[PDB]
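Chemist: Shown below is the structure under consideration.
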Amino acid sequence: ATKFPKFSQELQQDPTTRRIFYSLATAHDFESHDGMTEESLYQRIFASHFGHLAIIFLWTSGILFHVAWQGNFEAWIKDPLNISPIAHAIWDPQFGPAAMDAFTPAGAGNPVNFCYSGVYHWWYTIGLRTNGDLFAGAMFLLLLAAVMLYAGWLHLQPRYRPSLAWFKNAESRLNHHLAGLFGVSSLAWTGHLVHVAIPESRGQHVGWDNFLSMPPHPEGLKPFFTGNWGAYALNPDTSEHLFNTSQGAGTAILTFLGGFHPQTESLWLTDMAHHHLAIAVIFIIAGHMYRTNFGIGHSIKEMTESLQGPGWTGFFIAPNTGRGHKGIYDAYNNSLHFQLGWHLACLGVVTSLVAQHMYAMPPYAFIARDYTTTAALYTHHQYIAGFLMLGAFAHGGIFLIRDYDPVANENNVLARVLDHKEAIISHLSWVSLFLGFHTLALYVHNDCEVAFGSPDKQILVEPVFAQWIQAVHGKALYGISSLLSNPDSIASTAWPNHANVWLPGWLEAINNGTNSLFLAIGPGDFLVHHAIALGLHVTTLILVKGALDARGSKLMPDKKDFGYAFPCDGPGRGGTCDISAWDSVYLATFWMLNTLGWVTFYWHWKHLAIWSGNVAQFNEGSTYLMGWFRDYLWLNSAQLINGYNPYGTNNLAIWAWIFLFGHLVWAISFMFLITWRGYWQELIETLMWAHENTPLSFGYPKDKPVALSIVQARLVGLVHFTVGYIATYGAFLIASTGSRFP
Amino acid sequence: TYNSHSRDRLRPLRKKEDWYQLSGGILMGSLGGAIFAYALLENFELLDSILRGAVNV
Amino acid sequence: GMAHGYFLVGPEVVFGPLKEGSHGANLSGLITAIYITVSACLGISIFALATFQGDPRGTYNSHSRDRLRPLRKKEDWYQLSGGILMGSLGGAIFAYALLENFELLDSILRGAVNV
Amino acid sequence: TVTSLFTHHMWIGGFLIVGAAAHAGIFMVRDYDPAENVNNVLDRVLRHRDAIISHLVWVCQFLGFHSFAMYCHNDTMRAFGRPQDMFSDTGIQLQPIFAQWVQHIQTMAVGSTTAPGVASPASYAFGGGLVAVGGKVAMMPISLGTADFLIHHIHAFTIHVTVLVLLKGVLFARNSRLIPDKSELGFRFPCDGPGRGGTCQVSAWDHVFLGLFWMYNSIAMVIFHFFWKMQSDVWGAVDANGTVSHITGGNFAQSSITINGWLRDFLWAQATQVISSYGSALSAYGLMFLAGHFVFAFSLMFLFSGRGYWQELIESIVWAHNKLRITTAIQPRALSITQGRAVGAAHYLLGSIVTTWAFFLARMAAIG
Amino acid sequence: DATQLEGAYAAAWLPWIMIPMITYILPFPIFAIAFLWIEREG
Amino acid sequence: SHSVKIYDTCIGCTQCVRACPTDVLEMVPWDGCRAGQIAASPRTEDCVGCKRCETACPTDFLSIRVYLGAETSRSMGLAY
Ligand code: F6C
Ligand code: CLA
Ligand code: CLA
Ligand code: CLA
Ligand code: CLA
Ligand code: CLA
Ligand SMILES: CC1=C(/C=C/C(C)=C/C=C/C(C)=C/C=C/C=C(C)/C=C/C=C(C)/C=C/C2=C(C)CCCC2(C)C)C(C)(C)CCC1
Ligand SMILES: CC1=C(/C=C/C(C)=C/C=C/C(C)=C/C=C/C=C(C)/C=C/C=C(C)/C=C/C2=C(C)CCCC2(C)C)C(C)(C)CCC1
Ligand SMILES: CC1=C(C/C=C(\C)CCC[C@H](C)CCC[C@H](C)CCCC(C)C)C(=O)c2ccccc2C1=O
Ligand SMILES: [Ca+2]
Ligand SMILES: [Cl-]
């Protein structure tokens with residue numbers, strides 16, 4: 001018996017090398033820990049959250065510190081179109097001088113990394129102008145991380161650990177998060193936007209030495225108190241306004257122009273300040289709905305338990321749902337896995353929204369012209385979102401294993417979807433099969449037509465519904481005079497009101513065929529959207545099937561007694577490999593990775609063809625699969641794989657090396673994924689024979705060498721597949737874009 | 001503290017053999033660590049060119 | 001240690017990044033032998049620290065019949081670690097000193113010092 | 001034709017050699033009798049197989065570091081910009097002096113010596129002269145440098161790990177330290193449950209399964225070595241004077257020593273003729289190139305997934321069928337564990353070999 | 001031009017010592033401390 | 001050690017006991033089925049977890065379940 005891990009007596013008795021690996025992958029599962037009460041669980045999670053926020057603040061502080069010490073922020077604000085932002089400096093002692101020269105730009109005296117995270121554009125759009133500003137922000141975030149660390153340590157002290165009834169307070173928390181984490185924080189961000197960001201955008205310097213001096217508006221808090229609020233939307237920035245300079249400047253602080261600043265090709269800062277103000281007011285209002293200890297307010301529990309039956313006082317949009325939502329509040333509030341899998345689904349939808357919105361409506365100055373930054377940011381957030389959506393269903397399964405109560409949830413919506421789960425799974429299966437057969441067969445027909453010298457015989461189906469939705473927003477690209485495309489329509493004019501003051505600015509941007517806001521779509525878009533539909537449907541099939549069959553199926557009726565992750569149930573009953581619910585999240589990680597590959601491949605090729613000017617490359621080349629293979633993967637690889645050749649090294653040498661590194665890790669995954677445990681256990685037995693019988697080999701394993709377990713090697717191979725899949729595509733996307741468009 | 005009845009937890013070398021083995025070890029280790037620091041300071045020009053990658057030309 | 005630190009100097013002297021020049025090559029080989037010695041002896045020390053806790057498990061248990069592993073006590077392992085460290089650092093600097101003075105050792109073994 | 005014949009006979013040989021181990025394991029489980037053969041060579045091999053297998057494990061590791069990790073060394077040194085530190089013919093040279101000496105003995109033997117009867121060398125690959133027919137090179141000396149040392153040690157490594165995988169299943173087909181009664185379980189059985197840590201793929205059949213992949217990985221590198229070396233250092237176009245312009249231009253000696261040069265100067269560069277073949281007469285090769293990629297990727301569905309997922313999804317599909325009263329008497333069951341393994345292996349091999357076939361044949365039918 | 005590693009930034013001697021400490025001097029002590037922590041007996 | 005549980009749907013066919021490679025299981029008198037026998041698992045410290053006993057069980061669902069638990073040197077099947 002070792003003393004490690006201290007959270008599990010059964011792993012301390014483990015005499016093998018399995019306990020080291022199982023103590024690393026069961027360390028944060030506090031529920032299944034020795035002597036864990038619910039209160040102690042919540043308190044530990046609270047302190048862990050504080051340490052996590054400290055890590056986030058330390059990370060942001062380090063980014064700020066390395067741009068302020070080793071970047072070129074002050075040199076880049078002078079020309080943010082012809083200067084590459086610098087992340088930090090290289091100190092690899094193993095470089096030859098040919099790599100030291102390759103990673104040194106024209107305006108630098110040391111090897112550096114080019115920044116592709118977009119923080120230069122973000123910091124330039126919010127007022128930060130000097131390295132001293134960046135250093136001050138970094139030191140503030142260092143101290144704020146220290147504050148979060150002290151808070152986390154403090155709430156582990158006996159007089160300061162919150163009670164369980166405090167953690168169960170779902171009415172006070174929603175009020176304080178809606179009004180005070182989303183409202184007051186957004187109100188403070190509007191305050192910064194009108195005090196620092198918009199002034200510094202016009203050329204005036206506002207700091208913590210003259211902000212009490214400088215008023216944000218010529219009539220300081222005169223229009224707001226008097227009630228004439230339209231004065232703040234008067235004299236905006238003119239079209240010929242040059243960012244960070246006063247030429248073309250205005251005086252307005254809250255205006256609603258719509259569209260983009262024509263010089264930075266980004267959203268207007270007056271629009272973003274007005275946005276965050278109208279968001280702050282609505283969220284501060286919304287954080288006044290539930291009662292805490294002042295009598296007024298709602299009770300969430302009484303609202304949910306009131307959706308039981310029929311009638312207008314009952315759940316009338318689905319009266320045949322039995323007990324309706326009775327027990328759903330307690331399923332949410334008592335189960336931390338229900339909350340986590342619910343919040344992960346919400347966050348994974350919001351992260352995809354972030355990715356889908358920040359390329360179409362760029363919010364930062366000159367970030368639409370940083371092509372590699374735009375591509376990296378979209379791909380980053382879409383992969384983060386796919387992982388969050390995968391973990392949403394993971395913890396939906398873990399809730400149904402660990403916290404689901406079939407009697408507290410008797411005949412409600414949750415127990416009503418668990419009843420007919422075969423209908424849900426078979427209909428996801430039907431949608432998946434239909435989409436897959438049709439999309440693959442259309443692509444293969446197009447391949448066989450183009451290969452046999454008939455590109456004209458391809459089946460090219462236009463996305464007429466999405467082209468029409470492009471038209472209902474005011475796109476005149478097609479011959480569809482729909483709602484906002486029709487200039488004297490009920491939607492365009494706002495007949496009684498005539499207050500859509502967003503319409504001319506928004507139609508200046510959607511009709512502008514040079515931004516990414518509602519890109520033109522054709523036949524090659526319809527097929528890849530159906531492929532994305534297939535991918536999301538099959539990933540949902542795997543995850544929904546494994547969550548709904550988590551508690552048991554016909555092949556293993558008592559699957560809830562074996563846990564969430566377990567290898568199998570042996571080779572009986574035909575064999576039960578990958579039968580656990582954890583293995584569904586395992587099997588759907590491949591499909592998430594494949595779907596996000598399709599998504600990001602589509603986005604990247606669409607934009608590479610747009611940015612090069614040769615949009616017909618993607619147009620008449622994405623309808624068949626060899627065009628994807630040859631005009632995207634083969635073609636935009638020539639600069640990456642020539643990062644180092646027998647003639648020299650350019651600055652793409654690390655991207656070529658990481659491309660090969662990701663290929664290596666992805667291949668190593670297949671070793672854990674195809675070869676299984678007994679092969680390696682017999683190999684390790686021969687190795688144990690060899691070691692005990694060799695002279696001069698005085699070491700001996702304290703813990704017995706065993707092969708990695710079944711679930712362990714599934715996780716190890718999946719982690720390898722993921723890491724190599726991310727590394728290969730991250731190296732290709734940064735180098736295929738940063739070389740064509742330096 | 002080196003009497004047999006002593007309860008000092010902070011002085012655990014109770015035998016003279018421990019003290020002679022300690023003296024020999026401190027002598028060997030200290031003379032070696034001194035000449036290791038001396039050798040790193042004598043070759044500081046080389047250790048500097050190494051840690052700057054100046055040897056990869 | 002003497003035998004080991006002696007030969008561990010050579011691979012970096014011939015093959016290392018400093019191999020284009022004699023003085024730097026011998027220094028890179030010396031510090032490679034020094035680093036490998038200190039790492040190996042740190043491993044010997046932590047093997048003895050982790051293994052000999054109560055009655056050890058495996059070949060250093062009191063009931064073990066392994067003839068090929070005769071250092072049964074932790075005192076043997078600590079004395080071994082100290083000896084391997086001393087001998088290996090000395091053998092490494094002896095090989096380094098013979099390679100630094102290779103011009104002199106060469107003129108000696110050719111009788112060029114008898115003029 | 002030369003490419004196709006060499007490649008075809010290497011694949012047939014590798015498959016046949018894997019079947020040899022397959023039937024050496026079937027002999028063990030079924031036809032081996034301990035009472036028949038007592039203290040003979042067959043009994044004495046089974047009676048020290050831990051020594052055989054552990055020494056094969058060590059030699060596979062030694063060969064894997066001293067072939068492939070040297071390629072990784074070369075990649076890192078070439079990306080650093082220090083090619084004097086590489087294992088090249090211009091960096092740290094690794095000349096195969098024994099094979100070079102055999103080549104010299106072969107060209108000295110045939111003099112007007114040790115073989116006075118022969119006029120020419122037994123092949124011009126050893127030495128001698130250049131035979132060019134119709135302008136194109138029939139045969140010329142195959143120079144062996146550092147790249148050839150490195151790729152022959154790749155070959156030794158891959159053959160040895162194939163032997164490890166196959167011999168391990170043959171030697172432990174009867175029993176092991178884990179499962180002492182493995183011969184009672186059969187030659188083709190999936191596992192012996194999740195106990196003893198999990199005894200997945202302990203049968204001899206599963207070792208034939210895992211050695212099929214290793215024979216693929218071994219023979220693919222042999223046919224790649226042949227294709228690139230013959231295409232850059234033998235095959236070409238002799239002019240009137242006699243100057244030989246090789247097909248890829250003698251780039252094996254400097255590009256085939258890194259993994260990046262294998263991916264760029266062999267795979268990316270020489271697949272120009274198979275992906276740019278649409279609309280031509282070689283378009284079937286481009287179609288089969290993509291088809292092989294499909295079948296390779298489709299194999300991974302059977303190789304990475306397990307049987308219980310599919311049996312539990314068939315439950316929902318059977319429910320949807322029972323509701324329409326389209327129930328069938330033959331009850332639909334997922335593929336068994338070893339059958340899912342066999343299907344995955346067959347698909348991987350088929351797609352991955354059809355890909356190389358299309359790549360070789362489109363390349364050689366376009367640039368001659 | 002660049003014959004060796006340089007720093008055109010403040011306290012450019014700090015990478016020179018920080019990269020050895022973080023990457024090949026302090027890690028094997030940390031590995032030894034973690035190994036002694038996971039192998040200590042009750 | 002693993003946990004081997006025997007439920008009252010047992011019919012005393014002995015097939016789980018005959019299939020056990022490590023002798024965990026035996027038959028005890030029951031008078032709860034007409035065979036008069038039910039399986040028992042006293043030497044469950046010997047259980048490796050192969051689930052041969054579960055493969056040998058004819059009842060639907062199984063009258064014997066193995067729950068893989070804390071791994072010891074016996075349940076990992078280690079001769080080293
Ligand atoms: C110490 C202890 C010990 C000892 C003594 O003492 C030993 C020894 C042996 C002998 C006898 C042999 C031969 C040698 C050679 O050649 O090869 C090398 C390798 C190595 C690894 C080498 C080793 C060496 C040592 C480790 C040294 C040390 C170093 C330092 C100390 C570190 C530092 C520390 C810090 C803290 C970090 C062996 C081997 C084998 N291994 Mg074996 N080891 C061991 C450990 C380990 C671990 C952990 C693992 C896991 C990874 C394994 C694994 C393995 C495998 C797979 C195999 C094979 O293959 C082989 C064989 O079988 O044959 C046949 N194994 N090995
Ligand atoms: C292929 C998808 C993809 C892409 C294009 C990016 C892109 C980016 N990420 Mg990343 N990331 C991803 C997936 C992706 N991410 C996933 C799935 C995770 C969850 C683990 C992360 C977690 C993550 C963190 C913690 C951070 C980023 C950061 C960044 C930004 C700077 C790095 C860079 O310039 O380019 C290079 C992109 C690569 C993918 C290079 C390959 C390096 C391999 C993948 C290392 C393997 C580690 C692991 C698998 C993921 C690491 C990603 C990240 C460190 C680059 C950049 C916009 C940094 C940032 O936010 O800047 C301020 C940052 O700190 N990401
Ligand atoms: C998490 C943010 C972060 C990241 C990813 C980096 C990364 C890097 N730093 Mg840096 N650093 C940071 C924060 C960060 N730093 C902060 C806030 C400071 C101000 C004290 C510094 C001060 C600093 C100096 C003086 C140097 C670096 C250097 C480096 C580079 C080499 C590694 C090194 O020597 O570490 C050195 C680290 C320190 C001296 C202090 C680090 C303090 C941070 C906050 C620790 C963060 C811990 C993290 C949150 C916990 C994660 C847990 C785990 C799961 C990973 C590397 C790119 C070197 C360089 O510039 O290369 C050319 C260099 O010498 N950093
Ligand atoms: C006004 C009072 C207030 C405030 C500000 C907070 C704030 C917080 N609480 Mg708390 N709480 C409160 C009252 C409050 N609470 C009360 C009264 C109770 C008792 C019922 C609780 C009980 C409680 C518990 C049990 C927990 C928290 C937690 C948290 C943290 C979670 C959110 C987060 O991590 O940061 C970030 C979130 C935001 C910044 C807003 C997110 C909005 C979206 C998702 C992002 C914004 C979108 C926008 C596009 C962003 C662009 C920025 C980009 C450009 C950089 C957070 C700092 C958790 C914690 O402990 O952390 C330590 C937690 O476990 N609270
Ligand atoms: C807010 C986010 C969040 C939180 C708090 C949790 C929390 C938890 N999850 Mg989880 N989950 C999430 C999101 C989250 N998850 C997402 C986004 C996914 C999909 C990927 C999952 C899928 C998932 C599964 C399938 C399981 C959990 C489990 C758990 C529990 C234990 C985790 C653990 O074992 O400790 C610590 C584990 C580790 C420290 C492992 C780290 C290794 C990871 C996998 C990869 C590391 C990257 C790699 C090193 C990069 C190197 C590259 C480069 C250097 C080359 C814990 C309560 C487990 C559970 O509840 O048991 C019933 C469980 O089985 N989660
Ligand atoms: C590229 C992917 C990849 C890699 C690297 C490996 C590697 C290995 N395989 Mg494997 N395999 C793979 C794919 C891969 N396989 C696939 C896809 C399958 C599917 C069927 C298999 C099936 C398989 C079987 C059945 C067997 C192996 C065996 C082996 C081992 C061979 C021994 C050896 O070469 O020693 C050398 C090690 C390497 C070449 C690994 C890379 C080492 C790098 C180059 C050096 C790293 C430097 C340094 C240590 C890094 C330290 C950094 C620090 C921070 C950690 C080896 C570790 C055999 C074995 O066990 O042999 C004894 C075995 O029988 N494999
Ligand atoms: C308390 C503490 C601290 C401090 C620390 C310190 C105080 C430090 C240090 C340090 C030190 C002070 C270190 C050292 C070292 C050393 C070494 C590393 C050594 C060596 C050596 C050698 C290797 C030698 C060798 C030899 C011999 C022996 C013989 C012959 C000669 C020769 C040379 C070869 C802090 C606050 C920070 C934090 C943590 C805790
Ligand atoms: C098996 C065998 C073999 C091999 C062998 C070997 C492997 C070898 C070797 C070798 C070696 C490997 C040797 C070595 C050595 C050494 C020495 C000789 C040392 C030394 C040293 C010294 C003298 C040091 C000193 C010092 C000190 C300690 C302190 C201070 C510093 C000084 C420097 C002074 C053969 C086959 C051949 C045969 C026989 C058997
Ligand atoms: C997809 C998959 C399945 C499901 C595959 C099945 C069930 C086989 C698919 C073959 C189909 C069902 C063909 C049979 C249909 C009839 C023969 C009718 C065909 C129509 C013709 C007569 C025209 C597994 O069973 C399996 C098992 C173990 C590991 C991996 C996997 C795996 O990946
Ligand atoms: Ca050098
Ligand atoms: Cl190269």
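By order of appearance in the structure tokens: chains A, B, ..., then residues from 1 within every chain, and ligands from 1 in the order shown.
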Taking the DSSP secondary structure from the backbone, can you list the residues of stretch 151-358 of chain D that are alpha helix (DSSP H), as a count of residues only?

Modeler: 130

Chemist: May I have a table of the residues of chain C lying at most 9 Å from ligand 10, giving each one's closest pair of atoms and their distance in Å to one decimal, counting only C-alpha atoms and all ligand atoms, ordered by chain and ascending residue number, as CSV?

Modeler:
```
residue,atom,partner,partner_atom_place_in_ligand_line,distance
C:16,CA,ligand 10,1 (Ca),7.2
C:17,CA,ligand 10,1 (Ca),4.0
C:18,CA,ligand 10,1 (Ca),4.6
C:19,CA,ligand 10,1 (Ca),6.0
C:20,CA,ligand 10,1 (Ca),5.8
C:21,CA,ligand 10,1 (Ca),8.2
```

Chemist: To check your reading of the model: which residues sit at most 8 Å from ligand 3 when counting only C-alpha atoms and all ligand atoms? Write the answer as a ChimeraX atom specification.

Modeler: /A:54-63,65-66,70,88-91,138-139,142 /E:11-19,21-23

Chemist: Contacts from chain B to chain C, 7 Å maximum, only C-alpha atoms: show me the residue list as a PDB file with N, CA and C atoms, in the first residue's frame.

Modeler:
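File produced: selection-v4.pdb:
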```pdb
ATOM      1  N   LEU B  46      32.981  29.302 -24.025  1.00  0.00           N
ATOM      2  CA  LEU B  46      32.403  28.138 -24.698  1.00  0.00           C
ATOM      3  C   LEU B  46      30.985  27.857 -24.241  1.00  0.00           C
ATOM      4  N   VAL B  55      27.499  27.353 -31.848  1.00  0.00           N
ATOM      5  CA  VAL B  55      28.298  26.199 -32.218  1.00  0.00           C
ATOM      6  C   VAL B  55      27.688  25.419 -33.365  1.00  0.00           C
ATOM      7  N   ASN B  56      26.580  25.898 -33.929  1.00  0.00           N
ATOM      8  CA  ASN B  56      25.843  25.204 -34.976  1.00  0.00           C
ATOM      9  C   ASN B  56      26.101  25.796 -36.352  1.00  0.00           C
TER      10      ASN B  56
END
```

Chemist: Need the shell around stretch 94-109 of chain C: protein/DNA/RNA residues with any atom at most 12 Å away, counting only C-alpha atoms. Skip same-chain ones fewer than 4 positions apart. Format as a PyMOL selection string?

Modeler: (chain B and resi 39) or (chain C and resi 1-14+21-34+87-90+113-115)

Chemist: Residues contacting ligand 5 - anything with an atom at most 7 Å away, using only C-alpha atoms and all ligand atoms - can you give me those as an MDAnalysis selection string?

Modeler: chainID A and resid 24:30 340 344 387:392 394:395 398 564:565 582 585:586 715 719 723

Chemist: Could you take the residues named above and write them with N, CA and C atoms, as a tab-separated table (two decimals), in the first residue's frame?

Modeler:
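File written: part_6.tsv
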```tsv
chain	number	residue	atom	x	y	z
A	24	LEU	N	-4.26	9.46	-12.30
A	24	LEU	CA	-4.21	10.67	-13.10
A	24	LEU	C	-5.51	10.95	-13.81
A	25	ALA	N	-6.24	9.91	-14.20
A	25	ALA	CA	-7.48	10.04	-14.94
A	25	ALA	C	-8.71	9.81	-14.08
A	26	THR	N	-8.56	9.73	-12.76
A	26	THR	CA	-9.69	9.73	-11.84
A	26	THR	C	-9.50	10.77	-10.74
A	27	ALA	N	-8.56	11.70	-10.93
A	27	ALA	CA	-8.20	12.65	-9.89
A	27	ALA	C	-9.24	13.74	-9.70
A	28	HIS	N	-9.91	14.17	-10.77
A	28	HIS	CA	-10.89	15.24	-10.68
A	28	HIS	C	-12.30	14.72	-10.57
A	29	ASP	N	-12.48	13.41	-10.49
A	29	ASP	CA	-13.80	12.84	-10.29
A	29	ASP	C	-14.05	12.75	-8.79
A	30	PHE	N	-14.34	13.91	-8.19
A	30	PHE	CA	-14.44	14.01	-6.74
A	30	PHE	C	-15.60	13.21	-6.17
A	340	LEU	N	-23.49	20.40	-15.52
A	340	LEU	CA	-22.29	20.50	-16.34
A	340	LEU	C	-22.55	20.10	-17.79
A	344	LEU	N	-22.31	22.80	-20.76
A	344	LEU	CA	-21.38	22.52	-21.84
A	344	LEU	C	-22.07	22.58	-23.19
A	387	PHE	N	-15.58	20.04	-29.13
A	387	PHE	CA	-15.24	19.36	-27.88
A	387	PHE	C	-16.22	19.64	-26.76
A	388	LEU	N	-16.69	20.88	-26.63
A	388	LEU	CA	-17.69	21.21	-25.62
A	388	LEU	C	-19.00	20.49	-25.87
A	389	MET	N	-19.42	20.39	-27.13
A	389	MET	CA	-20.60	19.62	-27.46
A	389	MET	C	-20.43	18.13	-27.25
A	390	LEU	N	-19.21	17.63	-27.34
A	390	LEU	CA	-18.95	16.23	-27.03
A	390	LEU	C	-19.05	15.97	-25.53
A	391	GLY	N	-18.52	16.89	-24.73
A	391	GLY	CA	-18.61	16.79	-23.28
A	391	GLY	C	-19.96	17.06	-22.68
A	392	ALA	N	-20.80	17.81	-23.38
A	392	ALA	CA	-22.20	17.95	-23.00
A	392	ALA	C	-22.92	16.61	-22.96
A	394	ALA	N	-21.34	13.66	-22.96
A	394	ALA	CA	-20.63	12.87	-21.96
A	394	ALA	C	-21.25	13.04	-20.58
A	395	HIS	N	-21.48	14.27	-20.15
A	395	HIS	CA	-22.04	14.43	-18.82
A	395	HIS	C	-23.54	14.25	-18.76
A	398	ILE	N	-23.27	10.64	-17.94
A	398	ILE	CA	-22.83	10.45	-16.56
A	398	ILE	C	-23.92	10.81	-15.57
A	564	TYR	N	-19.88	4.18	-15.60
A	564	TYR	CA	-19.87	4.92	-16.86
A	564	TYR	C	-18.80	4.38	-17.80
A	565	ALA	N	-17.58	4.22	-17.30
A	565	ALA	CA	-16.49	3.64	-18.07
A	565	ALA	C	-16.17	2.27	-17.50
A	582	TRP	N	-19.16	5.41	-21.92
A	582	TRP	CA	-17.91	6.13	-22.17
A	582	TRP	C	-17.38	5.83	-23.56
A	585	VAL	N	-18.73	8.20	-26.20
A	585	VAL	CA	-18.03	9.48	-26.31
A	585	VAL	C	-16.68	9.28	-26.99
A	586	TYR	N	-16.00	8.18	-26.66
A	586	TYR	CA	-14.90	7.64	-27.46
A	586	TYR	C	-15.19	7.54	-28.95
A	715	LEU	N	-8.54	5.54	-24.34
A	715	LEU	CA	-8.33	6.96	-24.08
A	715	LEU	C	-6.99	7.43	-24.61
A	719	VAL	N	-6.56	10.24	-27.44
A	719	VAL	CA	-5.80	11.46	-27.17
A	719	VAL	C	-4.73	11.66	-28.23
A	723	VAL	N	-4.57	14.73	-30.79
A	723	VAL	CA	-3.42	15.62	-30.77
A	723	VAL	C	-2.76	15.68	-32.14
```

Chemist: Can you list, as a PyMOL selection string, every protein, DNA or RNA residue that comes within 8 Å of residue A:263 when you count only C-alpha atoms, leaving out same-chain residues fewer than 4 positions away?

Modeler: chain A and resi 239-243

Chemist: Residues of chain A no more than 9 Å from chain E, counting only C-alpha atoms: send them over as JSON, numbers by chain.

Modeler: {"A": [1, 2, 3, 4, 5, 12, 20, 69, 70, 89, 90, 91, 92, 93, 95, 96, 97, 98, 100, 101, 104, 108, 109, 110, 111, 702, 703]}

Chemist: Please identify the residues whose atoms come within 9 Å of ligand 4, using only C-alpha atoms and all ligand atoms, and report them as an NGL selection string.

Modeler: :A and (42-43 or 45-54 or 122 or 148 or 151-152 or 162 or 166-186 or 346-347 or 350-351 or 354)

Chemist: Report as a list in words all protein, DNA and RNA residues lying within 7 Å of residue F:29, evaluated on only C-alpha atoms, omitting residues in the same chain fewer than 5 positions from it.

Modeler: residues 36, 37 and 38 of chain F

Chemist: Identify all residues of stretch 48-98 of chain A in strand (DSSP E or B) (DSSP on the backbone) and supply them as a PyMOL selection string.

Modeler: chain A and resi 86-89

Chemist: Using only C-alpha atoms, select each residue of chain A with any atom at most 7 Å away from an atom of chain D, and give the selection as a ChimeraX atom specification.

Modeler: /A:95-99,422-423,425-426,450-453,553,555,567-568,570-571,574-579,587,630,641,644-646,648-649,653,673-679,682,686-687,689-690,709-710

Chemist: Using only C-alpha atoms, determine which residues of chain A fall within 8 Å of chain F; present them as an MDAnalysis selection string.

Modeler: chainID A and resid 10:11 13:16 557 562 569:573 685 688 704

Chemist: Dump as a list in words the residues of chain A that approach chain C to within 10 Å, counting only C-alpha atoms.

Modeler: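 The contacting residues on chain A are residues 15, 94, 692, 693, 694, 695, 696, 697, 698, 699, 700, 701, 702, 703 and 704 of chain A.
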
Chemist: Could you check how far atom CA of residue A:471 sits from atom CA of residue A:604, in Å to one decimal?

Modeler: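 Taking atom CA of residue A:471 as the start and atom CA of residue A:604 as the end point, the length is 24.2 Å.
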
Chemist: Determine, counting only C-alpha atoms, which protein, DNA and RNA residues have an atom within 12 Å of an atom of residue D:215; residues of the same chain fewer than 5 positions away are not included. Present the result as a ChimeraX atom specification.

Modeler: /D:10-19,21,155,157-166,207-210,220-222,345,349,353

Chemist: Step by step, measure atom-to-atom distances between ligand 2 and each residue using only C-alpha atoms and all ligand atoms, keep those at most 7 Å, then write them as a count of residues only.

Modeler: 26

Chemist: Using Å and a single decimal, report how far atom 14 (C, counted along the ligand's line) of ligand 9 sits from atom CA of residue D:327.

Modeler: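 Computing it gives 14.8 Å between the two atoms.
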
Chemist: Measuring between only C-alpha atoms and all ligand atoms, which one of A:684, A:725, A:105, A:708 shows the shortest distance to ligand 6?

Modeler: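 Checking each of A:684, A:725, A:105, A:708 against ligand 6, counting only C-alpha atoms and all ligand atoms, the winner is A:684.
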